[PDB]
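Protein chains in written order, with our numbering: chain A, 156 to 361; chain B, 156 to 361.
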């Protein structure tokens, strides 16, 4: 019968078979990384995206995403950045506002002959905390650190004129005080391939 | 008197003086761009960040930011992407959820001898809409478009085995239906400099 036949046709596991393992490699699930790795990623990055919540037409909070220069200040336990982007009203009670900050390193797209193994090399950190606008000498110091970090060798007050009070009045400089963070890496040399489908040609991996 | 002296010392405008203008250049304020420019940016990009809202420990909504491969489908009026990243509960009433998607092109940091003119060349689009998980042939078609877009020349079912039902069961594929969008460019060849402070050395602009 068709029924039985089809059932039979509807009707195995690399997962459990021999492989090589470097014992020094992270055993953390879900691509998660250590707190030290996160620190290092944040220290060497220069561009972040920041998401904060604004009240929308419908009264509901919704997020903006803004790419911007940033600097991690590990002693202070914050990240600093400058932007004059705003919405109408923040969806927030307070003098500070919750903010999520993301920093990534995006490598190469990794081709495969298995469509769900198609990937992209990445390292990515989400930082969760509370951002507050800085004033006066706090703002000037944060802007200096920021500027000097993202322009290595530049010195405010030598390379550039000093940061004036007018500059400060015209600029919004924030400190995002860190509560928690979450880091991920998937930086394979090659995507997982399917042995039982024709291999990718030289054009892909060569 | 000190008072009078200081007042006197506390105590001009390129803004209004001759300049050259290309009449073909956008006159839109605040670095804003046209809808056509936005379309083109989205069509040529491959990486986006998506922000969606999740309920936090404190009951308050907060955003995640996830970098991912995407594809703009202009006829359908959506963007497609695939990710298995989640939180606990979405901060959302519904079978879809509001989502903000950002795509940028980040150029070079632009040095200046004026500290507030330090910048970074960028093009950036925010897309606001509602994302919904796809199923069945809808999911398979979206994943195909996605894969073929970000791997030019790859053909699902030739280059790769076809997308199976198992693949679909293991994958979350979304359509972000576009409501509105917002585009910005600031892609100068050189930052604004201050004439009245020593010029940047050859090391900076050379």
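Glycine included, each C-beta is placed from N, C-alpha and C at the ideal position.
query	result
Residues that residue 171 of chain A bridges to, as DSSP identifies them	Partner(s): none; residue 171 of chain A has no beta bridge.
Per-residue contacts from residue 325 of chain A into chain B (C-beta, under 9 Å)	271
Between the CA atoms of residue 165 of chain A and residue 335 of chain A - distance to the nearest angstrom	47 Å
Buried versus exposed call for residue 222 of chain A [16 or more other C-beta atoms within 10 Å across all chains shown]	buried
For residue 321 of chain A, three-class secondary structure by DSSP	helix
Burial state of residue 294 of chain A, where buried means 16 or more other Cβ atoms lie within 10 Å	buried
Beta-carbon proximity check, residue 270 of chain A vs residue 357 of chain B, cutoff 9 Å	no
Cβ neighbour criterion (16 or more within 10 Å) applied to residue 225 of chain A	buried
Under 7 Å from the C-beta of residue 349 of chain B: neighbouring residues of chain A	316
Span of the beta strand (DSSP E), counted from its first residue to its last, around residue 208 of chain B	202-210
Buried/exposed call for residue 278 of chain A, threshold 16 Cβ in 10 Å	buried
Distance, residue 200 of chain A Cα to residue 332 of chain B Cα	32 Å
Host alpha helix (DSSP H) of residue 292 of chain A (start-end)	291-305
Sub-9 Å separation of residue 181 of chain B and residue 189 of chain B beta-carbons	yes
Own chain partners of residue 343 of chain A with C-beta closer than 8 Å, once the 5 adjacent residues on each side are dropped	265, 274, 276
Contact with chain A by residue 289 of chain B, beta-carbon distance below 9 Å	no
Partner residues on chain B for residue 255 of chain A, Cβ-Cβ distance less than 7 Å	217, 218, 219, 220
Span of the beta strand (DSSP E), counted from its first residue to its last, around residue 196 of chain A	That residue, residue 196 of chain A, is in no beta strand (DSSP E); its alpha helix (DSSP H) goes 190-199.
Runs of beta strand (DSSP E) lying entirely within the region 327-355 of chain A, each at least 3 residues, in chain order	328-341
Beta-carbon neighbours of residue 277 of chain A, restricted to chain B and to distances below 7 Å	222
Residues in the region 178-202 of chain B having any Cβ partner in chain A nearer than 7 Å	202
Separation of residue 268 of chain A from residue 245 of chain B, as counted between CA atoms	34 Å
Inter-residue spacing [alpha-carbon to alpha-carbon] between residue 242 of chain A and residue 161 of chain B	40 Å
Proximity below 9 Å, CB of residue 215 of chain A to CB of residue 258 of chain A	no
CB of residue 194 of chain B within 9 Å of CB of residue 339 of chain B, strictly	no
Proximity test, residue 194 of chain B beta-carbon vs the ligand MN heavy atom, cut-off 8 Å	No copy of the ligand MN appears in this structure; indeed no ligand is present at all.
Buried versus exposed call for residue 354 of chain A [16 or more other C-beta atoms within 10 Å across all chains shown]	exposed
Proximity of residue 236 of chain A and residue 301 of chain A at Cβ, strictly below 9 Å	yes
When B:227, B:238, B:207, B:263 are compared against residue 248 of chain B, the one with the closest alpha-carbon	B:207
Own chain partners of residue 297 of chain A with C-beta closer than 7 Å, once the 5 adjacent residues on each side are dropped	235, 289, 328, 330
C-beta contact flag for residue 217 of chain A and residue 253 of chain B at 9 Å	yes
Which of helix, strand or coil DSSP assigns to residue 230 of chain B	coil
Spatial distance of residue 220 of chain A from residue 183 of chain B (CA atoms)	21 Å
Through-space distance from residue 285 of chain B to residue 213 of chain A, alpha-carbon basis	14 Å
Helix, strand or coil at residue 250 of chain A according to DSSP, with G and I counted as helix	coil
Proximal residues to residue 315 of chain B (C-beta, below 6 Å), its chain only, five neighbours per side dropped	none
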